[PDB]
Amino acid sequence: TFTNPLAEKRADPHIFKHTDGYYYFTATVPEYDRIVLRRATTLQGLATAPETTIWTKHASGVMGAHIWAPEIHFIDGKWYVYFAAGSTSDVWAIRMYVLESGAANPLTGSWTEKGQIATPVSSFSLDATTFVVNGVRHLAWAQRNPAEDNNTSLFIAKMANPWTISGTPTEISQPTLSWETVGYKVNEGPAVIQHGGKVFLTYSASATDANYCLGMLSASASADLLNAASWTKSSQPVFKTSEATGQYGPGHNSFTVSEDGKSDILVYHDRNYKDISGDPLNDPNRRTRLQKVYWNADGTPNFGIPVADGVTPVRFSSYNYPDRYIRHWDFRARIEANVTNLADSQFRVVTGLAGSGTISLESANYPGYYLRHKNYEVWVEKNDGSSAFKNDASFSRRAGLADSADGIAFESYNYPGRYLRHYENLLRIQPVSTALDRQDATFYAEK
């Protein structure tokens, strides 16, 4: 699990996992004047890692204003930082720029400016990211198509080197959909994740207010990624505001990976309030958050909802039906496979309500509702403050009954000897007797 937020007053987060045993984290700071960097051996270490300023805006001319959205990459023996910048003489003439370092440690290393990423059309440009598909390097970025009445569209090009595209850009998405064009017509912040023979390119859309959200384009890893018709745009956001979790305008994301290389991690910013006061560029409250990406059975990513602050939620799968997860539906708890509404199946383990070192399981999509029993049947229901509820929603965490080493089992606090178990797919608390009952009452957290 992670503890959110990772970093206050840090927007447009980018985390790179290097081969040297470190994660590197850069981001947009509210001053918009410089490029910070911090490293840690773990993703959670990043919360306390000290920032170093690797580069500061120029006093005059290009790269002199609006230092926005850096990414750090290690490529062909060297470090590259991609950022966007305006000029002192013109603060909205935002272009894409590249830094290069040959030093082993990018925190202490020395940086050379590779200048502007050239593009045939000279217009508003930012959010350059780079990725390799099938051994071929690409750049994707946000830029104004002057023949469109909007802010930015999405472009992709192959690269000749880390700071230079080859051939011509293809525009692969423009903001047309109702949810893309709130306040401003925007497609920005592209980020690529590849999985199961597919390439997913999430992007940010609408204004950076509560209306900020993620769209997604999908393609085949075998497709020509410069042919616009290779890509399919998702009709609805893949990640948006959750009032229920107090998370507003989630977006400008990137992707990294868990400590074991096994889990994909979504990195992004949001706000914990809806309406900004003052000039939105000047509101510094955007913060950096982490949560695991889960993969759907059809191999698409499932981002769920942006989760409540504090520790991240978990999913529990059945011992005897390892495809099936504890989830709620019409607030009844059950086990089910291939959960489309991902958050119906996330719960965080918290200090038990009833006390004495027990545990409770809070719903991720309905904070302050808990898995609790009533008449021995298990539901998800609002903590009403009563002692009854405290007791129906607390369990003693036991070693799994069919798996003592790695499994987990939930013994009722107010009905000791009754365990959480599935029967006919529905969750109950019932006494456990047969070997099969012991499997019905064993579960795995995060496998």
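In this text, residue numbers run from 1 along the sequence as written.
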| property | result |
| --- | --- |
| Greater mean Cα temperature factor according to the PDB record, 166-174 or 191-199 | 166-174 |
| Mean temperature factor over C-alpha atoms, higher-scoring stretch between 429-437 and 12-20 | 429-437 |
| Deposited CA B-factor, highest of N341, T181, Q291, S122 | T181 |
| Where the record places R421 (Cα B-factor, split into thirds across the chain) | lowest |
| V29 CA temperature factor, ranked by third within the chain | middle |
| For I67, the third of its chain into which the C-alpha B factor falls | middle |
| Chain third (lowest, middle, highest) by recorded CA B-factor, residue given as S254 | lowest |
| Lowest, middle or highest third - CA B-factor, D260 | highest |
